[PDB]
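Single-structure report; data block below.
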Amino acid sequence: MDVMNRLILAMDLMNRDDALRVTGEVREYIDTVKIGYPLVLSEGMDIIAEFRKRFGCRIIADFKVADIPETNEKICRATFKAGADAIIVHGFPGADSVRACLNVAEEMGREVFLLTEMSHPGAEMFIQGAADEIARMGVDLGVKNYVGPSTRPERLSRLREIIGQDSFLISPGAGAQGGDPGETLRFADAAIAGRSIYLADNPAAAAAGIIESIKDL
Amino acid sequence: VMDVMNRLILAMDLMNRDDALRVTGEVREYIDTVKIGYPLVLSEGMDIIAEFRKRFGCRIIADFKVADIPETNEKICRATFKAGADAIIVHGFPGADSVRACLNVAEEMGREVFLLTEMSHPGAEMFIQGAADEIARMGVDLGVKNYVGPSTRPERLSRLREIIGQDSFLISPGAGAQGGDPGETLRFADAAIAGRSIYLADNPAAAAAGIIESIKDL
Ligand SMILES: O=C1CC(=O)N([C@@H]2O[C@H](COP(=O)(O)O)[C@@H](O)[C@H]2O)C(=O)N1
Ligand SMILES: O=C1CC(=O)N([C@@H]2O[C@H](COP(=O)(O)O)[C@@H](O)[C@H]2O)C(=O)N1
């Protein structure tokens with residue numbers, strides 16, 4: 001996956017007009033957009049097609065899929081029918097639930113991103129202790145795309161070690177949550193940026209600023 | 001606690017608007033509480049909640065298994081309650097701050113949060129089961145009053161009930177299609193969730209009636 005400037009936009013605005021405007025303002029810097037439930041539940045799944053039509057960008061559906069196998073398959077099918085190129089799935093619910101997603105992705109020509117450890121403080125309670133094992137599970141299942149925390153570079157580094165250099169790794173947490181884009185890119189292929197861009201007085205300048213800081217990478 | 005008719009909640013996971021409406025309408029005389037999840041919402045839109053309210057006036061539990069960071073969880077809950085959902089289901093494994101974010105929005109918006117502790121599928125044994133008791137205890141400490149536990153594991157459902165106490169509200173999926181028994185499930189849960197055993201039956205109404213008949217004494 002060729003992510004322009006190794007920067008993925010987390011478009012979590014909840015208004016179609018604003019989401020489209022801001023995304024358009026940074027289109028010259030980013031060609032990969034992560035769309036989650038904040039926008040989808042506010043504007044509908046048709047927003048994904050609107051983005052591909054307007055920006056011809058790659059779309060990662062960040063739905064943190066975390067249901068039983070049967071329901072997971074339905075969620076993935078509905079998501080890919082909407083035009084998403086990939087979907088993010090939680091690993092905590094187990095191997096069968098992840099496999100269900102992998103099956104639909106293969107069937108519709110899409111990619112599955114396995115979320116191992118999360119970036120927020122609460123991740124330390126239950127997720128962190130199971131993260132390494134979740135990552136190994138991904139390897140065992142043939143998962144090639146992963147999500148790790150920018151807020152804990154040592155943990156992100158460990159995730160990279162487990163999955164190897166061939167696997168693709170994206171990471172949220174830089175900016176608003178305290179992570180550093182440059183440090184994150186020492187281990188992740190691409191850094192995710194939401195508020196640091198869409199909540200900035202000048203989103204375009206914010207995006208340009210982030211890229212300027214990692215220009216040597 | 002919500003008064004769930006016949007202690008039976010319909011898991012409406014059909015992905016077709018017409019079929020979902022037909023089936024739900026056919027069993028309305030037996031069920032007044034419907035669980036709507038992403039299979040239907042991602043296929044027909046959040047307005048499906050509005051249509052169910054208008055057509056059936058049934059209570060709506062949005063099964064979105066919210067599992068994001070606090071900031072995003074808050075937005076998901078706000079959008080969901082704005083759409084008309086009476087309650088939303090949230091995962092406890094992401095931690096206390098993520099759950100608290102949902103509780104705060106529910107409190108501010110006058111709605112309810114259901115905390116999913118242990119799940120019913122086989123994969124739940126890998127990571128969730130080992131953290132389930134603590135997740136439940138965390139819920140109690142946070143003031144959570146509504147919970148979700150597995151019908152497929154009576155022993156686990158029983159322990160969950162003990163942890164949350166008799167005053168807490170507990171609903172449980174897994175009976176029927178996944179192998180659980182409605183009767184046994186209701187020994188610990190306030191209401192049992194039923195999806196495929198009802199919506200895939202040739203006669204959903206008869207299926208619902210059959211399930212209720214087997215638990216009439218309860
Ligand atoms: O561990 C994780 C996973 C994840 O997807 N995310 C998402 O990544 C984005 C981060 O946005 P922000 O840059 O903090 O504003 C949001 O859409 C989150 O829901 C996260 O922050 N942490
Ligand atoms: O542990 C859990 C949680 C849950 O919500 N569910 C949901 O409960 C319903 C069960 O449906 P079914 O009766 O097996 O067809 C589905 O909507 C599932 O996504 C589950 O099966 N197990």
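Throughout, protein chains are lettered first and strands after them, A, B, ... in sequence-line order, and every chain is numbered starting at 1.
Comparing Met137(A), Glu133(A), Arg77(A) by how many heavy-atom pairs each has under 4.5 Å with chain B, the most go to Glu133(A). Ranked by heavy-atom pairs shorter than 4.5 Å toward chain B, the options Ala130(A), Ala66(A), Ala78(A) are led by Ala66(A). In terms of heavy-atom pairs under 4.5 Å with chain A, the best-connected choice from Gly45(B), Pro122(B), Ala11(B) is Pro122(B).
No part of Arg100(B) comes within reach of chain A, as not one of its non-hydrogen atoms sits under 4.5 angstrom from that chain. The contact between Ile135(B) and chain A is made by backbone and side chain atoms together, counting heavy-atom distances below 4.5 Å. The part of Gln178(B) that comes within reach of chain A is its side chain, from C-beta onward, which places non-hydrogen atoms under 4.5 angstrom from that chain. If you measure heavy-atom distances from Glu43(A) to chain B, you find no contacts under 4.5 Å at all. In this structure, the portion of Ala123(A) lying under 4.5 Å from any heavy atom of chain B is its backbone and not its side chain.
Taking both residues in full, the closest heavy atoms of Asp97(B) and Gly122(A) are given as OD2-N, 3.0 Å, listed atom of the first, atom of the second, then distance. The two atoms that bring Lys64(A) and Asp68(B) nearest to each other are NZ-OD2, 2.7 Å, heavy atoms only. The shortest non-hydrogen separation linking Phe127(B) to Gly94(A) is CD1-N, 4.4 Å. A pairwise comparison of heavy atoms in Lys75(B) and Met14(A) identifies O-CE, 3.4 Å as the closest pair.
For the pair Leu41(A)/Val41(B), a side-chain contact is recorded, criterion being any heavy-atom separation below 4.5 Å from C-beta on. Contact check for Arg196(B) versus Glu70(A): side-chain heavy atoms found under the 4.5 Å cut-off.
Of the inter-residue distances, the one linking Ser98(B) atom OG with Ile127(A) atom CD1 reads 7.5 Å to the nearest 0.5 angstrom. Once rounded to the nearest 0.5 Å, the distance linking CD1 of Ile69(B) with CG of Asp12(A) reads 8.0 Å. Here the straight-line distance linking atom OG of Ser42(A) with atom CE of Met46(B) works out to 8.0 Å at 0.5 Å rounding.
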**Request:** Start with the C-alpha distance between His90(A) and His91(B), add both sets of side-chain angles, then the distance that settles side-chain contact (heavy atoms from CB on, under 4.5 Å), and finish with yes or no.
**Result:** CA-CA 11 Å; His90(A) 260 297; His91(B) 258 298; 5.9 Å; no

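Taking the six-membered ring for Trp and thresholds of 30 and 60 degrees, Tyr37(A) and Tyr38(B) have nearly parallel ring planes, at less than 30 degrees apart.
A donor-acceptor contact shorter than 3.5 Å links the side chain of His121(B) to the backbone of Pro93(A).
Heavy-atom contacts from other residues, nucleotides or ligands closer than 6.0 Å to CG of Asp46(A) number 12 or fewer. The environment of CD in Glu107(B) is sparse: at most 12 heavy-atom neighbours from other residues, nucleotides or ligands sit within 6.0 Å.
Under the 6.0 Å cut-off for aromatic ring centres, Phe93(B) and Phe92(A) qualify, their centroids lying closer than that.
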